[PDB]
Amino acid sequence: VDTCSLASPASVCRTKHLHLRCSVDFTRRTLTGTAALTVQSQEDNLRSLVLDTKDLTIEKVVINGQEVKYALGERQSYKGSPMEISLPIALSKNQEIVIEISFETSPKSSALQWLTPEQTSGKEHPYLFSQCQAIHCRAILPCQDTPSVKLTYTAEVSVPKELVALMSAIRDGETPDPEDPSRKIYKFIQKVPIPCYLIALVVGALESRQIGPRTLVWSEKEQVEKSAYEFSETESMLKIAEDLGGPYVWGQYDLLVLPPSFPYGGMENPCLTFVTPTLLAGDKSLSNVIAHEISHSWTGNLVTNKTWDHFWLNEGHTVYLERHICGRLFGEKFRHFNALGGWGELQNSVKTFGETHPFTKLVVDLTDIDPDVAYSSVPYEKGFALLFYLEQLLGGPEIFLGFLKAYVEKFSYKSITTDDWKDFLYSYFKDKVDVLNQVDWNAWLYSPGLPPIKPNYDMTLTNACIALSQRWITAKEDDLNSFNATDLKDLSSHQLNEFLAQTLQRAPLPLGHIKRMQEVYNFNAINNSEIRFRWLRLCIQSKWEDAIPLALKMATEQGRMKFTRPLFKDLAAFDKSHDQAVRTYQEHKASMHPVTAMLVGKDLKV
Ligand SMILES: Nc1cc(-c2ccc(Oc3ccc(Cl)cc3)cc2)[nH]n1
Ligand SMILES: [Zn+2]
């Protein structure tokens, strides 16, 4: 049923537990060790099984202290190579065996980026971080690389004693390596069953600062103190999340601020969220990303999508919870602001993808499609639009939040499909079934382009952005002298960002407008990467050669694909910077994140 995994489906067998013993070698850029997988059979007379692997080196497979026959199949592009294992016994239904696999990752592992000391803040020690979603755990160790199987796990990672190792699990102790005095072993334990894509590792000279009863903030010493401040409200947001979705079951909620090449804004790794360092805007304005990763602790990590065709169930509900968290902290008016802004983003994605593009469908068919290529904000906003529309259609946020909490408890620790979600919706809202039948489910779930109906959005906080953006778009020459910094006197960082987004859509603007806009607003001096990103896009799309070097620096000084990809594609579309953009990519391609370096290459057609 999962077209992205080459392993035995959950209907044949399930991995119950993973015991990982491994060592990080920065000299060769490999993890070597063993992966003991406790696997339970789901059928009678099970005599062999298949795992997922991608660029792994297998030494042997030991079962009950004896080596066993295994075979690796031909590689299937991004899916990797399937690994068959011959069992030393035939397992009847629900019986279990432990399989010990001696493996070693490839330096080209698509799940990891190896950073040289100069690629870090401290410039003295190397760095390693993982990114498994969607199907990259197979590039770290053999497993059923599919969200349809959930497993607990325990790990022991040997690392140079000067470094620290962290995982998506509770820290369970550290000691000097008994077989190597120059190394330390960090132990971890994750008692809540998870999909293997939530497995994460990080190794580096990490410092910590406690910002809450169950929250530490991790980063290099240069950024720890800044990050502890930027995210001071995490505990504040955890209690709101708990009130909406129920108890937080993962014990610890730590935060990890990675080096600038991290490919995404955040990764909802259990116990240790990964976030881009580009959130350090200095005013906490971009902290809603933390509210997002927090919400994933219920929608996504507790209730998980069965395949990646149903990824929208994860981010769709997560965005919904996030904007309710922000609404409880800043008012319902603010919640509608983000919802409306998100609907504007959904317009941008569709315009860029195309109204008929298959990647604008809510439920996709990733058969023979690299899930990384399908990743976009469409499942985020299109998913949220559906839930918001249902919230309004079903009687308000109070009623619908009651459904969300029940939905989470109903499928806790399980993996569901869109039909599972829809089926329980009709069960929960059995009194209003006739209202649900008014919904165009076929169009919402499987038709591409923008949804069939637009929700009702409060225009209060957005009106200020619309007035100013309209003045610039419709302004002629004689109107440019009157623009002044006072236009932003009562605008927040978010409103400033929305204004740019509103202006960005109607780009390009006359060259004089862009030059005047820099004179009066000085967007070049704003550190907020969301705002800077859009201001730069507005400049390059308007053919302003002065913004070329500023955009190349931001596209390469950080690796968040949200910014790096559009900036490059825009530089490649500008005639005056096409050559410089391509040449720049070729140079940095070798030291970019593997997933990021592959995608920009496709964007650039190199
Ligand atoms: N409009 C849409 C888009 C999708 C979609 C489904 C699966 C995907 O795989 C992933 C998920 C997360 C990451 Cl980090 C990388 C790849 C991406 C996107 N579903 N519906
Ligand atoms: Zn997310």
# chains A, B, ... in the order shown; residues from 1 in each chain; ligands from 1

call {"tool": "residues_around", "arguments": {"residues": "residue 261 of chain A", "least_positions_apart": "6", "cutoff": "7 Å", "atoms": "only C-alpha atoms", "output": "MDAnalysis selection string"}}
result
chainID A and resid 558:560 593

call {"tool": "residues_around", "arguments": {"residues": "residue 326 of chain A", "least_positions_apart": "3", "cutoff": "8 Å", "atoms": "only C-alpha atoms", "output": "ChimeraX atom specification"}}
result
/A:288,291,322-323,329-331,334-335

call {"tool": "residues_near_ligand", "arguments": {"ligand": "ligand 1", "cutoff": "9 Å", "atoms": "only C-alpha atoms and all ligand atoms", "output": "ChimeraX atom specification"}}
result
/A:131-135,263-264,267,307-313,358-366,370-380,382-383,448

call {"tool": "residues_near_ligand", "arguments": {"ligand": "ligand 2", "cutoff": "8 Å", "atoms": "only C-alpha atoms and all ligand atoms", "output": "MDAnalysis selection string"}}
result
chainID A and resid 266:268 292:293 296 314:315 318:319 380

call {"tool": "residues_around", "arguments": {"residues": "segment 179-196 of chain A", "least_positions_apart": "6", "cutoff": "8 Å", "atoms": "only C-alpha atoms", "output": "JSON, numbers by chain"}}
result
{"A": [137, 143, 144, 145, 146, 147, 148, 149, 150, 151, 152, 153, 154, 155, 156, 157, 158, 159, 160, 161, 162, 164, 165, 166, 167, 168, 169, 170, 171, 172, 173, 249, 250, 301, 302, 304, 413]}

call {"tool": "write_last_selection", "arguments": {"atoms": "C-alpha atoms", "output": "PDB file, in the first residue's frame"}}
result
ATOM      1  CA  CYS A 137      16.046   6.755   7.384  1.00  0.00           C
ATOM      2  CA  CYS A 143      14.446  -0.702   8.417  1.00  0.00           C
ATOM      3  CA  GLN A 144      10.890  -0.713   7.097  1.00  0.00           C
ATOM      4  CA  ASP A 145      11.189   2.889   5.877  1.00  0.00           C
ATOM      5  CA  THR A 146       7.455   3.572   5.985  1.00  0.00           C
ATOM      6  CA  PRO A 147       5.284   5.644   8.355  1.00  0.00           C
ATOM      7  CA  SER A 148       2.867   2.687   8.588  1.00  0.00           C
ATOM      8  CA  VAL A 149       5.123   0.976  11.166  1.00  0.00           C
ATOM      9  CA  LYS A 150       5.831   2.513  14.570  1.00  0.00           C
ATOM     10  CA  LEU A 151       8.621   1.343  16.861  1.00  0.00           C
ATOM     11  CA  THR A 152      10.333   2.242  20.100  1.00  0.00           C
ATOM     12  CA  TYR A 153      14.100   2.461  20.027  1.00  0.00           C
ATOM     13  CA  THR A 154      17.278   2.693  22.090  1.00  0.00           C
ATOM     14  CA  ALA A 155      20.675   3.875  20.892  1.00  0.00           C
ATOM     15  CA  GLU A 156      24.305   4.125  21.978  1.00  0.00           C
ATOM     16  CA  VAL A 157      26.407   6.504  19.866  1.00  0.00           C
ATOM     17  CA  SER A 158      30.188   6.722  20.238  1.00  0.00           C
ATOM     18  CA  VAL A 159      31.614  10.161  19.449  1.00  0.00           C
ATOM     19  CA  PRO A 160      34.806  12.138  20.036  1.00  0.00           C
ATOM     20  CA  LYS A 161      34.702  12.988  23.729  1.00  0.00           C
ATOM     21  CA  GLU A 162      34.824  16.709  22.861  1.00  0.00           C
ATOM     22  CA  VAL A 164      27.886  15.894  22.147  1.00  0.00           C
ATOM     23  CA  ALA A 165      25.362  13.488  20.628  1.00  0.00           C
ATOM     24  CA  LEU A 166      21.598  14.023  20.725  1.00  0.00           C
ATOM     25  CA  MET A 167      18.667  12.074  19.311  1.00  0.00           C
ATOM     26  CA  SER A 168      14.874  12.197  19.086  1.00  0.00           C
ATOM     27  CA  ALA A 169      14.656  10.439  22.443  1.00  0.00           C
ATOM     28  CA  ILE A 170      15.237  11.000  26.145  1.00  0.00           C
ATOM     29  CA  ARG A 171      18.911  11.252  27.064  1.00  0.00           C
ATOM     30  CA  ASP A 172      19.732   8.100  29.029  1.00  0.00           C
ATOM     31  CA  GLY A 173      23.331   8.633  30.146  1.00  0.00           C
ATOM     32  CA  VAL A 249       3.230  12.088  26.045  1.00  0.00           C
ATOM     33  CA  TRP A 250       6.898  12.491  25.080  1.00  0.00           C
ATOM     34  CA  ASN A 301       3.992  12.099  15.782  1.00  0.00           C
ATOM     35  CA  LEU A 302       1.110  10.679  17.833  1.00  0.00           C
ATOM     36  CA  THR A 304       0.664   9.549  11.910  1.00  0.00           C
ATOM     37  CA  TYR A 413       0.010   5.744  18.429  1.00  0.00           C
TER      38      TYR A 413
END

call {"tool": "residues_around", "arguments": {"residues": "segment 461-469 of chain A", "least_positions_apart": "3", "cutoff": "6 Å", "atoms": "only C-alpha atoms", "output": "ChimeraX atom specification"}}
result
/A:472,499,503

call {"tool": "write_last_selection", "arguments": {"atoms": "N, CA and C atoms", "output": "CSV table (one decimal), in the first residue's frame"}}
result
chain,number,residue,atom,x,y,z
A,472,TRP,N,1.5,51.3,-3.6
A,472,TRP,CA,2.7,51.1,-4.3
A,472,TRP,C,2.4,50.6,-5.7
A,499,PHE,N,2.7,42.8,3.6
A,499,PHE,CA,2.7,43.9,2.6
A,499,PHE,C,3.7,43.5,1.5
A,503,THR,N,2.7,42.9,-2.4
A,503,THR,CA,3.4,43.6,-3.5
A,503,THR,C,4.1,42.6,-4.4
